[PDB]
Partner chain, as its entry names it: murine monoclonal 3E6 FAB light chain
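Heads up, the chain below is alone and in the form solved without the partner chain; it's given as structure tokens.
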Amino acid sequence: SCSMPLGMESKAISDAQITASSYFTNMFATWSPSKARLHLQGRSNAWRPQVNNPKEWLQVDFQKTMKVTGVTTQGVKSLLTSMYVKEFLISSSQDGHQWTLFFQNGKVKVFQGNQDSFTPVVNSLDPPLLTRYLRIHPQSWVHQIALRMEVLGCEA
């Protein structure tokens, strides 16, 4: 039951609720955090940080506690170039300042993400997170960090 899309694609999570450490901008496109939406089509249809390094993060504030049972991620093709995140970490917070990394067997879980530019990949959170804030941390990528995502779960 608890595997409903929490609103990235459908826009139930509005633009103001999605933030990042940085985003890439130029006069061809604006790859803002609010473009990080599963299946989004268009000119600048993903989040890209301004630099490619593992200190970058994308954040979603659900604005209330949600039960999170999984995440779906996708890359983008732009200007003939596929860009996707291959591996990533998840952290979560209830307040927004104190962040807990998602662990498995007593250390940080490294999620295996995408292997192409348009196939969505679902990763489960076991045990599920009860959380207001979720951050995704790119650890490895092909060509450029690029993300479109969905969060899966239910109300709590």
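Whichever C-alpha set is largest while still superposing within 1.5 Å between the two forms counts as the rigid core. Residue numbers count along the first chain shown, from 1.
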| property | result |
| --- | --- |
| Of 103 to 111 and 119 to 127, which departs more from this form in 4 other deposited structures of this protein by CA RMS after core fitting | 103 to 111 |
| RMS Cα shift after core superposition in 4 other deposited structures of this protein, winner of 21 to 29 and 136 to 144 | 21 to 29 |
| 3 to 11 or 145 to 153, whichever carries the higher mean Cα B-factor | 3 to 11 |
| Mean temperature factor over C-alpha atoms, higher-scoring stretch between 120 to 128 and 83 to 91 | 120 to 128 |
| Of the residues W31, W57, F28, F111, the one carrying the largest Cα B-factor as recorded | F28 |
| CA B-factor ranking of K35, expressed as a third of its chain | lowest |
| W47 - Cα temperature factor, lowest/middle/highest third of chain | lowest |
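Beyond the structure shown, there is the form solved in complex with the partner chain, which is absent from this document and is the topic of what follows.
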| query | finding |
| --- | --- |
| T30, heavy atom within 4.5 angstroms of the partner chain in the deposited bound form | yes |
